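These notes concern the structure reproduced below.
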Amino acid sequence: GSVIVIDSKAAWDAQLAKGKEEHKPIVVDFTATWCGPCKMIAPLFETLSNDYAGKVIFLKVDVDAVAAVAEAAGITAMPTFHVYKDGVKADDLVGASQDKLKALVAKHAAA
């Protein structure tokens, strides 16, 4: 896919600012290597990044690799998906439903 891997708070801030400047929504997958359903839904997140390439920005945050971002985002259960617009959180979805992830991305690609 074209998912962007976040490796630091500085990278996070730069991506959120990019989505603001471009007026494109950002969808973020908060994931962990130990999370079974996270690994199950990762292929779909990749496919969606291709399907919406150029329209929606896709980010990935490994919560243990970038704990400062996971903490600031208030993560507690996984998978968690966030949508950012204008640099701030606009929507979220917690859980491994593939139908619901598809619907979240479709809603913001059309909004």
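Every residue, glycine among them, receives a Cβ derived from its backbone with ideal geometry; neighbour counts consider all protein chains shown. Values quoted throughout were computed directly from the atomic coordinates according to the rules given, and no laboratory measurement underlies them.
Restricting region 9-53 to residues that are in a loop (DSSP other than H, G, I, E, B) and free of Cβ contacts under 8 Å to residues at least 60 places away in the same chain, which is surrounded by the most Cβ atoms within 10 Å (Cβ to Cβ)?
Taking region 9-53 and keeping what is in a loop (DSSP other than H, G, I, E, B), we get 23-25, 32-35, 52-53.
Pick out the ones that are also free of Cβ contacts under 8 Å to residues at least 60 places away in the same chain and you get 23-24, 32-35, 52-53.
On the way: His23: 8, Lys24: 16, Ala32: 17, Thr33: 10, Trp34: 9, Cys35: 17, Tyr52: 19, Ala53: 12.
Per the stated criteria, the residue is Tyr52.
From the list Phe58, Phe81, pick out the single residue that is closer than 16 Å to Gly1 by Cα and not basic (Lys, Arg). It would help to see each step written out before you state the result.
Working: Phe81 fails: closer than 16 Å to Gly1 by Cα.
The unique qualifying residue is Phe58.
In region 71-90, how many are outside any loop (DSSP other than H, G, I, E, B) and out of contact with any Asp or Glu (no Cβ under 8 Å at 6 or more places or on another chain)?
Let us first name the residues in region 71-90 that are outside any loop (DSSP other than H, G, I, E, B), namely 71-72, 80-85, 88-90.
Going one step further and asking which of them are out of contact with any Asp or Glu (no Cβ under 8 Å at 6 or more places or on another chain), we end up with 71-72, 84-85, 88-90.
Final tally of qualifying residues: 7.
Which ones in region 69-95 are surrounded by fewer than 16 Cβ atoms within 10 Å (Cβ to Cβ) and out of contact with any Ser or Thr (no Cβ under 8 Å at 6 or more places or on another chain)?
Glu71, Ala72, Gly74, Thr76, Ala77, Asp86, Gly87, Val88, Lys89, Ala90, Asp91, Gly95
For region 91-111, give me each residue that is assigned to a strand (DSSP E or B) and either of a type in the set (A, V, I, L, M, F, W, C) or farther than 17 Å from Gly19 by Cα (or both).
At the first step, the residues of region 91-111 found to be assigned to a strand (DSSP E or B) are 91-94.
Those that are assigned to a strand (DSSP E or B) and either of a type in the set (A, V, I, L, M, F, W, C) or farther than 17 Å from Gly19 by Cα (or both): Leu93, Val94.
Residue by residue, here is whether (1) out of contact with any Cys (no Cβ under 7 Å at 6 or more places or on another chain); (2) over 21 Å from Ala14 (Cα atoms); (3) of a type outside the set (A, V, I, L, M) holds:
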site: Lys39; (1), (2), (3): yes, yes, yes
site: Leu48; (1), (2), (3): yes, yes, no
site: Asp64; (1), (2), (3): yes, no, yes
site: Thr76; (1), (2), (3): yes, yes, yes
site: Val83; (1), (2), (3): yes, no, no
site: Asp91; (1), (2), (3): yes, no, yes
site: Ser97; (1), (2), (3): yes, yes, yes
site: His108; (1), (2), (3): yes, no, yes
site: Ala111; (1), (2), (3): yes, yes, no
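Can you tell me which of (1) part of a helix (DSSP H, G or I); (2) surrounded by 14 or more Cβ atoms within 10 Å (Cβ to Cβ); (3) of a type in the set (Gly, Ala, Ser); (4) touching a residue at least 40 places away in the same chain (Cβ under 8 Å) is the one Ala65 doesn't meet?
Here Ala65 meets the rest and fails (1).
Kindly indicate the residue of region 68-102 that is touching a residue at least 24 places away in the same chain (Cβ under 8 Å) and among the charged types (D, E, K, R) and also farthest from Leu48 (Cα to Cα) among those meeting that condition.
So the residue we want is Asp86.
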